[PDB]
Amino acid sequence: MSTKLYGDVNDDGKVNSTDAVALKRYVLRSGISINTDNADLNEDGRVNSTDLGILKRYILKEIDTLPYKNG
Ligand SMILES: [Ca+2]
Ligand SMILES: [Ca+2]
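Residues numbered from 1 in each chain as written, not as in the entry; some residues may be left out. Chains lettered and ligands numbered in written order. Heavy atoms only, no water.

Listed as the method for this PDB entry is solution NMR.

Have a look at this one:
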């Protein structure tokens, strides 16, 4: 029907400061349940700090493609 997300945490929109709640709970331990499927995209898990940026960069609105920018 319709799909638009990128490594969502609570399947709300995406994994960012918004889904930090679970993040903190995650970074701490792997107890909570999140769409770990496509959650991590830098072998970090979520947004250690390197991904966050881009995330908070694209998640700003670009949320749809995400300028991963390889390099
Ligand atoms: Ca979300
Ligand atoms: Ca990551």
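Engineer: Any chance you could break down the coordination of the calcium ion (ligand 1) for me, citing the residues and the numbers?
Structural biologist: Here the calcium ion (ligand 1) is held by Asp8 (OD), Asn10 (OD1), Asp12 (OD), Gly13 (N), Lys14 (O), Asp19 (OD) and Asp19 (OD), and the distances to it run 2.6 to 3.1 Å. One chain supplies every donor for the calcium ion (ligand 1), spaced along it as D-x1-N-x1-D-G-K-x4-D. Judged by relative accessible area, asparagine 10 falls into the partly exposed class, the value being 43%. (Donors = N, O, S within 2.8 Å, 3.2 Å for Na, K, Ca; no water. Buried < 20%, exposed > 50% of the residue type's maximum accessible area, 1.4 Å probe, protein only.)

Engineer: Could you give an account of unusual backbone geometry, naming the residues involved and the relevant values?
Structural biologist: Of note, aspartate 11 is a non-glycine position whose phi angle comes to about 50°, a positive value. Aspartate 11 sits in the exposed class, given a relative accessible area of 53%. Phi angles above zero are rare outside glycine, and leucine 66 is one such case at about 65°. With respect to the secondary-structure elements, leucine 66 resides in the segment after helix 2 (50-58). The class of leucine 66 is buried, set by a relative accessible area of 6%. (Helix = DSSP H or I, 4+ residues; strand = E, 2+ residues; numbered from the N terminus.)

Engineer: Break down the coordination of the calcium ion (ligand 2) for me, with residues and values.
Structural biologist: At this site the calcium ion (ligand 2) is bound by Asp40 (OD), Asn42 (OD1), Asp44 (OD), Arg46 (O), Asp51 (OD) and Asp51 (OD), with donor distances of 2.1 to 3.1 Å. Considering all 6 donor atoms around the calcium ion (ligand 2), angles at the metal cover 50 to 173° and the coordination shape is irregular. Sequence spacing of the donors to the calcium ion (ligand 2): D-x1-N-x1-D-x1-R-x4-D. Separated by 11 residues along the polypeptide, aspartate 40 in the loop between helix 1 (20-28) and helix 2 and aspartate 51 in helix 2 bring together distant segments of the chain. What makes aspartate 51 buried here is its relative accessible area of 2%. (Tetrahedral: all angles 85-135°; square planar, octahedral: opposite > 155°, others 65-115°.)

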